[PDB]
$ cat entry_20.cif   # mmCIF, C-alpha atoms
data_data
loop_
_atom_site.group_PDB
_atom_site.id
_atom_site.type_symbol
_atom_site.label_atom_id
_atom_site.label_comp_id
_atom_site.auth_asym_id
_atom_site.auth_seq_id
_atom_site.Cartn_x
_atom_site.Cartn_y
_atom_site.Cartn_z
ATOM 1 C CA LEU A 53 -55.983 113.581 226.474
ATOM 2 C CA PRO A 54 -55.436 110.359 224.418
ATOM 3 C CA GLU A 55 -57.847 107.385 224.769
ATOM 4 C CA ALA A 56 -56.563 103.868 225.479
ATOM 5 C CA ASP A 57 -58.832 100.892 224.742
ATOM 6 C CA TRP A 58 -59.221 97.148 225.238
ATOM 7 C CA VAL A 59 -57.995 95.143 222.215
ATOM 8 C CA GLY A 60 -57.993 91.310 222.493
ATOM 9 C CA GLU A 61 -56.459 89.062 219.762
ATOM 10 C CA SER A 62 -57.005 88.355 216.045
ATOM 11 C CA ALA A 63 -54.910 88.309 212.856
ATOM 12 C CA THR A 64 -57.986 89.242 210.712
ATOM 13 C CA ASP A 65 -60.945 90.665 212.737
ATOM 14 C CA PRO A 66 -61.669 94.454 213.013
ATOM 15 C CA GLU A 67 -61.055 93.783 216.684
ATOM 16 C CA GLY A 68 -57.501 93.027 217.859
ATOM 17 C CA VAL A 69 -56.132 96.123 216.045
ATOM 18 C CA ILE A 70 -54.835 98.669 218.574
ATOM 19 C CA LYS A 71 -56.582 102.105 218.218
ATOM 20 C CA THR A 72 -54.647 105.205 217.118
ATOM 21 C CA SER A 73 -55.162 108.253 219.398
ATOM 22 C CA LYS A 74 -53.674 111.785 219.823
ATOM 23 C CA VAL A 75 -52.361 114.255 222.433
ATOM 24 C CA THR A 76 -52.890 117.989 221.624
ATOM 25 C CA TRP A 77 -51.915 121.431 222.942
ATOM 26 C CA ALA A 78 -53.331 124.960 222.615
ATOM 27 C CA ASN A 79 -51.959 128.524 222.898
ATOM 28 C CA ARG A 80 -52.768 131.102 225.636
ATOM 29 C CA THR A 81 -51.455 134.699 225.377
ATOM 30 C CA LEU A 82 -50.474 137.509 227.676
ATOM 31 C CA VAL A 83 -51.114 140.672 225.567
ATOM 32 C CA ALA A 84 -50.020 143.949 227.188
ATOM 33 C CA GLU A 85 -52.613 146.760 227.073
ATOM 34 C CA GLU A 86 -52.188 150.358 228.248
ATOM 35 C CA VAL A 87 -54.222 152.118 230.967
ATOM 36 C CA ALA A 88 -53.818 155.864 231.422
ATOM 37 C CA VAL A 89 -55.146 159.221 232.719
ATOM 38 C CA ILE A 90 -54.294 162.929 232.302
ATOM 39 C CA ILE A 91 -55.067 165.413 235.141
ATOM 40 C CA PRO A 92 -54.716 169.124 234.115
ATOM 41 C CA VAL A 93 -54.413 172.037 236.639
ATOM 42 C CA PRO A 94 -53.530 175.810 236.417
ATOM 43 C CA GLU A 95 -49.943 176.881 237.260
ATOM 44 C CA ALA A 96 -51.394 179.593 239.548
ATOM 45 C CA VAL A 97 -53.176 176.873 241.601
ATOM 46 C CA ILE A 98 -49.935 174.859 242.013
ATOM 47 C CA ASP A 99 -48.072 178.068 243.001
ATOM 48 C CA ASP A 100 -50.746 179.091 245.564
ATOM 49 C CA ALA A 101 -51.334 175.603 247.112
ATOM 50 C CA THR A 102 -49.790 174.931 250.581
ATOM 51 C CA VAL A 103 -48.948 171.276 249.656
ATOM 52 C CA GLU A 104 -46.991 169.634 246.795
ATOM 53 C CA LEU B 53 -17.199 62.493 170.114
ATOM 54 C CA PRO B 54 -14.871 62.551 167.044
ATOM 55 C CA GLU B 55 -15.065 59.799 164.361
ATOM 56 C CA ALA B 56 -12.062 57.967 162.879
ATOM 57 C CA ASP B 57 -12.267 56.076 159.548
ATOM 58 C CA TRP B 58 -10.246 53.559 157.450
ATOM 59 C CA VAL B 59 -7.662 55.210 155.041
ATOM 60 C CA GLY B 60 -6.649 54.085 151.499
ATOM 61 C CA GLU B 61 -3.152 54.623 150.069
ATOM 62 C CA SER B 62 -3.101 57.255 147.302
ATOM 63 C CA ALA B 63 -1.564 60.449 145.883
ATOM 64 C CA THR B 64 -4.630 61.069 143.632
ATOM 65 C CA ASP B 65 -7.639 58.921 144.719
ATOM 66 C CA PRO B 66 -10.248 60.525 147.104
ATOM 67 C CA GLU B 67 -10.115 57.361 149.306
ATOM 68 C CA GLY B 68 -6.447 58.196 150.138
ATOM 69 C CA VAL B 69 -7.134 61.367 152.249
ATOM 70 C CA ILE B 70 -7.586 61.284 156.048
ATOM 71 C CA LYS B 71 -11.022 62.787 156.929
ATOM 72 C CA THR B 72 -11.254 65.668 159.457
ATOM 73 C CA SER B 73 -13.405 65.345 162.598
ATOM 74 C CA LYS B 74 -14.534 67.376 165.592
ATOM 75 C CA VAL B 75 -14.964 67.494 169.402
ATOM 76 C CA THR B 76 -17.725 69.573 171.058
ATOM 77 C CA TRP B 77 -18.591 70.780 174.559
ATOM 78 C CA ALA B 78 -21.826 72.241 175.954
ATOM 79 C CA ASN B 79 -22.786 74.287 179.027
ATOM 80 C CA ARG B 80 -24.961 73.303 182.040
ATOM 81 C CA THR B 81 -25.958 75.883 184.716
ATOM 82 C CA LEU B 82 -26.675 75.980 188.421
ATOM 83 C CA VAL B 83 -29.120 78.922 188.939
ATOM 84 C CA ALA B 84 -29.999 79.702 192.586
ATOM 85 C CA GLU B 85 -33.681 80.315 193.510
ATOM 86 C CA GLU B 86 -35.336 81.324 196.802
ATOM 87 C CA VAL B 87 -37.712 79.144 198.800
ATOM 88 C CA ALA B 88 -39.304 80.777 201.844
ATOM 89 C CA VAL B 89 -42.113 80.960 204.443
ATOM 90 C CA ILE B 90 -43.410 83.584 206.922
ATOM 91 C CA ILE B 91 -45.073 82.363 210.165
ATOM 92 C CA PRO B 92 -46.923 85.093 212.197
ATOM 93 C CA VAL B 93 -47.997 84.726 215.898
ATOM 94 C CA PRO B 94 -49.247 87.057 218.744
ATOM 95 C CA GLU B 95 -46.688 88.325 221.292
ATOM 96 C CA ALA B 96 -49.069 87.338 224.132
ATOM 97 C CA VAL B 97 -49.098 83.704 222.889
ATOM 98 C CA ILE B 98 -45.261 83.593 222.892
ATOM 99 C CA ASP B 99 -45.332 85.130 226.407
ATOM 100 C CA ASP B 100 -47.974 82.722 227.837
ATOM 101 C CA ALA B 101 -46.768 79.453 226.158
ATOM 102 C CA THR B 102 -44.740 76.968 228.315
ATOM 103 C CA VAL B 103 -42.198 76.061 225.546
ATOM 104 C CA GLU B 104 -39.800 78.088 223.349
#
$ encode --input "entry_20.cif" --output "structure tokens"
Amino acid sequence: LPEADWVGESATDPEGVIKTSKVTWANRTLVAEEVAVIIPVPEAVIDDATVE
Amino acid sequence: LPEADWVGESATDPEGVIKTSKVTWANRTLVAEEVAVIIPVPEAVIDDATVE
């Protein structure tokens, strides 16, 4: 966030100048990552099983 | 200014020849120069004051 400030008046004092301030932004990222498994089984067991 | 002079009457005497004379002009110049002032004031003072 920027900061505002009280200023007052003067042609010559270090007061009575308006402050400079800044707004800023940052970056957030979605990065896709992979999640996986392998399940091995014998063909004979698939052939003999009474379910898919 | 030119100058006239009295003339003799001769074919041979140096007093018999009409003298040459001359007219001259000179230059005067108008040269334009700046005169100026800057008068600074706060915006708040112009806003709050009861006159233009």
$ resolve_selection --input "entry_20.cif" --expression "the PyMOL selection byres ((chain A) within 10 of (chain B))" --output "count of residues only"
4
$ residues_around --input "entry_20.cif" --residues "segment 75-88 of chain B" --least-positions-apart "3" --cutoff "10 Å" --atoms "only C-alpha atoms" --output "JSON list (two decimals) with C-alpha atoms, in the coordinates of the input"
[["chain", "number", "residue", "atom", "x", "y", "z"],
["B", 53, "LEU", "CA", -17.20, 62.49, 170.11],
["B", 54, "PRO", "CA", -14.87, 62.55, 167.04],
["B", 55, "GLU", "CA", -15.06, 59.80, 164.36]]
$ residues_around --input "entry_20.cif" --residues "residue 70 of chain B" --least-positions-apart "4" --cutoff "9 Å" --atoms "only C-alpha atoms" --output "list in words"
residues 56, 57, 58, 59 and 60 of chain B
$ build_atoms --input "entry_20.cif" --residues "segment 79-102 of chain A" --atoms "N, CA and C atoms" --output "PDB file, keeping the file's coordinate frame"
ATOM      1  N   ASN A  79     -52.702 127.313 222.573  1.00  0.00           N
ATOM      2  CA  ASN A  79     -51.959 128.524 222.898  1.00  0.00           C
ATOM      3  C   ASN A  79     -52.813 129.473 223.749  1.00  0.00           C
ATOM      4  N   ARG A  80     -52.237 129.997 224.827  1.00  0.00           N
ATOM      5  CA  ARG A  80     -52.768 131.102 225.636  1.00  0.00           C
ATOM      6  C   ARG A  80     -51.819 132.284 225.494  1.00  0.00           C
ATOM      7  N   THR A  81     -52.306 133.513 225.550  1.00  0.00           N
ATOM      8  CA  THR A  81     -51.455 134.699 225.377  1.00  0.00           C
ATOM      9  C   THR A  81     -51.636 135.725 226.470  1.00  0.00           C
ATOM     10  N   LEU A  82     -50.535 136.185 227.063  1.00  0.00           N
ATOM     11  CA  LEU A  82     -50.474 137.509 227.676  1.00  0.00           C
ATOM     12  C   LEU A  82     -50.337 138.545 226.560  1.00  0.00           C
ATOM     13  N   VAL A  83     -51.241 139.514 226.466  1.00  0.00           N
ATOM     14  CA  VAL A  83     -51.114 140.672 225.567  1.00  0.00           C
ATOM     15  C   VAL A  83     -51.177 141.956 226.377  1.00  0.00           C
ATOM     16  N   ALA A  84     -50.089 142.715 226.424  1.00  0.00           N
ATOM     17  CA  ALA A  84     -50.020 143.949 227.188  1.00  0.00           C
ATOM     18  C   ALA A  84     -50.890 145.050 226.584  1.00  0.00           C
ATOM     19  N   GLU A  85     -51.731 145.650 227.405  1.00  0.00           N
ATOM     20  CA  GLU A  85     -52.613 146.760 227.073  1.00  0.00           C
ATOM     21  C   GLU A  85     -52.345 147.931 228.006  1.00  0.00           C
ATOM     22  N   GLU A  86     -52.567 149.149 227.531  1.00  0.00           N
ATOM     23  CA  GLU A  86     -52.188 150.358 228.248  1.00  0.00           C
ATOM     24  C   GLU A  86     -53.387 151.022 228.917  1.00  0.00           C
ATOM     25  N   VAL A  87     -53.209 151.437 230.164  1.00  0.00           N
ATOM     26  CA  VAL A  87     -54.222 152.118 230.967  1.00  0.00           C
ATOM     27  C   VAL A  87     -53.640 153.433 231.463  1.00  0.00           C
ATOM     28  N   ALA A  88     -54.372 154.526 231.281  1.00  0.00           N
ATOM     29  CA  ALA A  88     -53.818 155.864 231.422  1.00  0.00           C
ATOM     30  C   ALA A  88     -54.849 156.917 231.835  1.00  0.00           C
ATOM     31  N   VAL A  89     -54.360 158.031 232.374  1.00  0.00           N
ATOM     32  CA  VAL A  89     -55.146 159.221 232.719  1.00  0.00           C
ATOM     33  C   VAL A  89     -54.301 160.474 232.538  1.00  0.00           C
ATOM     34  N   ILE A  90     -54.923 161.608 232.227  1.00  0.00           N
ATOM     35  CA  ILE A  90     -54.294 162.929 232.302  1.00  0.00           C
ATOM     36  C   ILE A  90     -55.078 163.811 233.270  1.00  0.00           C
ATOM     37  N   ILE A  91     -54.421 164.457 234.232  1.00  0.00           N
ATOM     38  CA  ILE A  91     -55.067 165.413 235.141  1.00  0.00           C
ATOM     39  C   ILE A  91     -54.457 166.803 234.932  1.00  0.00           C
ATOM     40  N   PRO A  92     -55.165 167.752 234.296  1.00  0.00           N
ATOM     41  CA  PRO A  92     -54.716 169.124 234.115  1.00  0.00           C
ATOM     42  C   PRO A  92     -55.075 170.038 235.295  1.00  0.00           C
ATOM     43  N   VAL A  93     -54.241 171.042 235.566  1.00  0.00           N
ATOM     44  CA  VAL A  93     -54.413 172.037 236.639  1.00  0.00           C
ATOM     45  C   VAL A  93     -53.737 173.369 236.261  1.00  0.00           C
ATOM     46  N   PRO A  94     -54.216 174.550 236.694  1.00  0.00           N
ATOM     47  CA  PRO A  94     -53.530 175.810 236.417  1.00  0.00           C
ATOM     48  C   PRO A  94     -52.209 175.951 237.173  1.00  0.00           C
ATOM     49  N   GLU A  95     -51.206 176.591 236.578  1.00  0.00           N
ATOM     50  CA  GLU A  95     -49.943 176.881 237.260  1.00  0.00           C
ATOM     51  C   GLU A  95     -50.143 177.781 238.482  1.00  0.00           C
ATOM     52  N   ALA A  96     -51.057 178.750 238.410  1.00  0.00           N
ATOM     53  CA  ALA A  96     -51.394 179.593 239.548  1.00  0.00           C
ATOM     54  C   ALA A  96     -51.882 178.779 240.752  1.00  0.00           C
ATOM     55  N   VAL A  97     -52.663 177.723 240.524  1.00  0.00           N
ATOM     56  CA  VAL A  97     -53.176 176.873 241.601  1.00  0.00           C
ATOM     57  C   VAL A  97     -52.060 176.056 242.236  1.00  0.00           C
ATOM     58  N   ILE A  98     -51.118 175.528 241.457  1.00  0.00           N
ATOM     59  CA  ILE A  98     -49.935 174.859 242.013  1.00  0.00           C
ATOM     60  C   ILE A  98     -49.084 175.833 242.825  1.00  0.00           C
ATOM     61  N   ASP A  99     -48.868 177.047 242.327  1.00  0.00           N
ATOM     62  CA  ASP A  99     -48.072 178.068 243.001  1.00  0.00           C
ATOM     63  C   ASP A  99     -48.701 178.531 244.320  1.00  0.00           C
ATOM     64  N   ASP A 100     -50.022 178.658 244.374  1.00  0.00           N
ATOM     65  CA  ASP A 100     -50.746 179.091 245.564  1.00  0.00           C
ATOM     66  C   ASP A 100     -51.020 177.977 246.585  1.00  0.00           C
ATOM     67  N   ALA A 101     -51.059 176.703 246.191  1.00  0.00           N
ATOM     68  CA  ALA A 101     -51.334 175.603 247.112  1.00  0.00           C
ATOM     69  C   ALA A 101     -50.255 175.438 248.193  1.00  0.00           C
ATOM     70  N   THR A 102     -50.669 175.074 249.404  1.00  0.00           N
ATOM     71  CA  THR A 102     -49.790 174.931 250.581  1.00  0.00           C
ATOM     72  C   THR A 102     -49.258 173.508 250.770  1.00  0.00           C
TER      73      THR A 102
END
